[PDB]
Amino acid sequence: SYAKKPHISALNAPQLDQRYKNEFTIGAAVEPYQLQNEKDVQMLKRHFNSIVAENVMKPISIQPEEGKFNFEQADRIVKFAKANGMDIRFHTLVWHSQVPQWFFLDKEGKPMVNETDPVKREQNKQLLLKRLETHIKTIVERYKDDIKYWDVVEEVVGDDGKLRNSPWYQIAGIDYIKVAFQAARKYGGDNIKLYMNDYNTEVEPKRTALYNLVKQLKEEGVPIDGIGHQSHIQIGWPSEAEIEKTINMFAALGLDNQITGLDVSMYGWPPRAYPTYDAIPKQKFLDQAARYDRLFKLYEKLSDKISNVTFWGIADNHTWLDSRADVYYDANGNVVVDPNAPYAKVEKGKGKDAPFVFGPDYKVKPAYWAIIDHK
């Protein structure tokens, strides 16, 4: 929408959070170094009223060794948010990635998953659950008065619609999920809000498996307040109709919905990326703008069911999507972006994606104009 509109500095553009302030908060995922960068700081002050850490609140960053807690980086994000009136989300208490391996070792230092004795397996389950509770207790006791929204567990349902068979699940079963939520509620009180977080929440059979899991846990009294939808999506997929059905489905259980990691990749999956930002054709940015136009129109339609929409980054100069931006080369060394075309080699994670409404020079993209207007 409206490529007529100019590529002005985002520091001079109408504020994104103020455009949506009655519908939902507008968030950005950050690294602490960006709080020391003048442009990123001004971007956060101008456009965003919610914040989340893309990495430094993950388990391995918080307690990389048992009893060694590193809150210095998380503290910096919390302090910045409080100074600028931003909501904070905690990402994430429990996850099968970026998770220190000391969690899953028995008292003799061996992997708990290897244990065959059922009496010892049960001892390992209780030990793991105690470590889990202490990790959550220490974090929530420090942050309960500052951080309102909590991703308690992340990606606990596999894409095959079964519970993901992580060490958490192999060792403790489903109880690691119940213990995580119960611990957060106990040490954090009734005022913090507890989410189950996942990607591809729109996609069956994962969607209904997540639905069934949360419905059953709440029937058993496990405190779950909402669903965190990562929304790492594409220009075409998933369809707005399927996003809408997903949001409505979870809202019917009385759950809040938060969009916690929104980015609109320029590519399919697996991605065949352009090697640089400059190689991306203008038309892709128009396609992305029209997708963003439909997407935020749908979010507004559903604003009574969505409290927050967070982008997984600030501007196109920095996005975890670049780690997936594989560049394919044919035999003559030219770039291949057609998903079915011949190619000879791939350079994994060497290309550039362009997923946000702000460009890498901090000027607004057509996608920005598409979502700042009221059409």
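We number the residues from 1 along the sequence you see.
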item: Mean C-alpha temperature factor, higher of 279 to 287 and 96 to 104; value: 96 to 104
item: Average Cα temperature factor in the PDB entry - higher stretch of 46 to 54, 331 to 339; value: 331 to 339
item: Largest Cα B-factor, entry values, listed residues 146, 117, 75, 198; value: 117
item: Highest recorded Cα temperature factor - choice among 234, 191, 230, 84; value: 191
item: Ranked against its chain, the third holding the CA B-factor of residue 305; value: lowest
item: Residue 62, C-alpha B-factor rank within chain (lowest, middle or highest third); value: middle
item: Relative C-alpha B-factor of residue 370, binned into the chain's lowest, middle or highest third; value: middle
item: Lowest, middle or highest third - CA B-factor, residue 261; value: lowest
item: Cα B factor band for residue 137 (lowest, middle or highest third within the chain); value: middle
